[PDB]
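Throughout, read-outs are computed from the coordinates displayed, never taken from laboratory work. Here the Cβ positions follow ideal geometry from the backbone for every residue, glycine too, while neighbour counts run over all protein chains shown.
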Amino acid sequence: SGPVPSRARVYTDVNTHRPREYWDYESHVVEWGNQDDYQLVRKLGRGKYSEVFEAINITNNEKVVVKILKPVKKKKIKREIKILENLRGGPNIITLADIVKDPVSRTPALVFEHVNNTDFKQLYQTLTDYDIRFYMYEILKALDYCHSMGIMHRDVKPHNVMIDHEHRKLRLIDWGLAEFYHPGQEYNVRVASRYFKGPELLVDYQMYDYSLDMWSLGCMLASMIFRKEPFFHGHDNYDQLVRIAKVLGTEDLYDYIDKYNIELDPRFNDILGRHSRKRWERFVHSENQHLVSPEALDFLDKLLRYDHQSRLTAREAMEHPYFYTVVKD
Ligand SMILES: O=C1NC(N[C@]23C[C@H]4C[C@H](C[C@H](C4)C2)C3)=N/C1=C\c1ccc2ncsc2c1
């Protein structure tokens with residue numbers, strides 16, 4: 001028997017209908033720039049896979065960001081690069097401006113457009129109900145674009161959303177875990193941050209799709225409107241599914257595993273137990289009430305569904321009543 005297969009409900013065959021070179025990133029040959037065009041100014045941060053710096057392009061004096069890669073398999077660099085090139089000019093996608101290699105240490109560096117980004121903690125503190133709706137709509141433009149272009153980000157989370165509040169301007173960054181969607185493909189589940197992982201990853205269902213990004217958007221929305229970051233605070237990959245089960249209930253979970261005939265790691269047997277599906281009110285308090293509204297909760301319910309096939313698409317989400325104010329403006 002083994003697991004029941006799955007196809008995306010949308011954008012299913014988009015890569016099939018493209019030339020091979022579009023998605024066959026292992027064949028991509030990288031176009032190098034001149035490393036001497038960029039001088040590093042200061043360090044902005046350490047990532048899992050990179051060090052990130054402010055730099056100046058001495059050619060034109062433009063401010064630029066340089067992500068110096070820690071060692072990874074070349075095929076993964078080509079993948080990140082290919083996806084960035086494919087998505088360049090798309091709505092609210094970071095622009096890759098150049099690619100250089102240190103000619104001695106041989107370590108590669110991606111050069112990005114600069115976002116004058118507001119600090120993440122100071123932003124998830126000052127955001128009105130309207131700002132959230134605005135920025136969520138802006139993120140969904142990025143997700144609908146990338147999905148329509150055959151790509152799933154697989155690392156949606158607040159740290160990978162760069163907002164310049166002063167200019168009402170948003171960019172979805174860090175495409176280093178992104179992958180091409182191909183029907184029938186089994187993907188690695190060891191992706192995304194713990195708190196943003198979909199159930200499909202947690203139960204080891206590999207034949208997942210774009211809808212993964214819609215779960216992780218849900219997790220973001222919840223933490224923003226209920227002011228609880230993270231929203232699903234698991235202690236590990238197993239307890240993460242338990243945290244989810246304590247909110248969504250276990251009846252839907254076991255129906256989900258039954259539908260796709262998922263062999264469940266026996267360990268999970270114990271710790272899941274039996275849990276009712278909770279109502280969103282439990283997380284409403286006087287600190288957050290100004291951000292919680294019936295539309296917001298309707299919207300959130302339709303993202304956070306175990307069964308990836310039944311979650312909103314990006315395009316559907318953008319048509320939800322939560323965004324009727326933003327759409328008019
Ligand atoms: O690919 C990237 N990866 C990361 N990763 C980090 C990881 C931590 C959180 C956040 C800021 C630092 C530390 C760098 C993203 N940044 C990246 C890109 C980037 C592009 C433009 C830009 N403009 C202002 S900040 C910024 C960052």
Pairwise centroid distance, computed over Cα atoms, of the range 278-329 with the range 127-155, Å
14
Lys/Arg +1, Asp/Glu -1 at C-beta; the chain dipole; positive extreme among 318, 153, 72
72
Averaging over all projection directions, find the projected area of the Cα convex hull of the range 11-168 and quote it in nm² with one decimal place.
10.6
Dipole magnitude of the range 132-204, debye to nearest 20 (Cβ charges: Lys/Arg +1, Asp/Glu -1, about Cα centre)
240
Once you have a ≥ b ≥ c as the square roots of the Cα gyration tensor eigenvalues for the range 130-246, tell me rounded if a/c is under 1.5, and otherwise prolate or oblate according to whether a/b is larger than b/c.
oblate
Simple spin-label estimate for residue 236/residue 310, 7 Å along Cα→Cβ, in nm, reads 3.0
Between the range 50-116 and the range 256-272, what is the separation of their alpha carbon centroids in Å?
41
Report, ordered by chain and residue number, the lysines lying within cross-link reach of residue 48, taken as a straight Cα distance under 16 Å and ignoring same-chain residues fewer than 8 apart.
67, 70, 73, 76, 157
Would you look at the GNM of the chain, springs on alpha carbons closer than 10 Å, and say which of 131, 213, 174 moves the most?
131
From DSSP H assignment alone, runs of 4+ in the chain each adding -39500 (n - 2.57), the sum over residues rounded to the nearest 500 puts [θ] at 222 nm at -9500 deg cm²/dmol
Extension gain (nm, one decimal) between residue 46 and residue 17, 0.36 nm per residue minus Cα-Cα
6.6 nm
Loop-located trypsin sites (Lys or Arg not before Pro) in the range 1-104 whose Cβ has at most 14 other Cβ within 10 Å (DSSP):
7, 48, 73, 88
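About the Cα centre, and with charges only on the beta carbon of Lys, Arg (+1) and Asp, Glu (-1), how big is the dipole of the chain? Nearest 20 debye, please.
520
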Could you give the length gained by full extension between residue 204 and residue 148, i.e. 0.36 nm per residue of separation minus their alpha carbon distance, to one decimal place?
17.6 nm
Label-to-label distance, nm, for residues given as residue 259 and residue 75 (7 Å Cα→Cβ offset):
3.2
P(r) histogram, all alpha-carbon pairs of the chain included - 20 Å bins from 0, percent:
30, 57, 13, 0
Within 10 Å of each candidate Cβ there may be at most 12 other Cβ atoms; applying that plus a DSSP loop requirement, which GluC sites (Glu not before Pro) in the range 1-65 survive?
31
Two-site label geometry, residue 159 and residue 101: point separation in nm, points 7 Å out along Cα→Cβ
2.9
Ordered by residue, what ³J(HN,Hα) values in Hz, to whole numbers, does the range 157-174 give under the Karplus form 6.51 cos²θ - 1.76 cosθ + 1.60, where θ = phi - 60° and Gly and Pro are x?
4, x, 4, 9, 10, 9, 10, 8, 4, 3, 9, 6, 9, 9, 9, 8, 10, 6
Going by how many other Cβ atoms sit within 10 Å of their own, how do 277, 194 line up, fewest first?
277, 194
For residue 169, the net charge from surrounding residues (Cβ-Cβ under 12 Å; K, R +1; D, E -1) works out to -2
The answer for the chain, counting only DSSP H helices whose Cα atoms cover 18 angstrom or more along the axis and whose Kyte-Doolittle average is -1.0 or greater, is 74-87, 129-148, 212-226
The summed charge of the residue 58 Cβ neighbourhood (under 10 Å; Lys/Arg +1, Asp/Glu -1) stands at -3
Efficiency of FRET from Cβ geometry, residue 124 and residue 293, R₀ 25 Å, rounded to 0.05
0.90
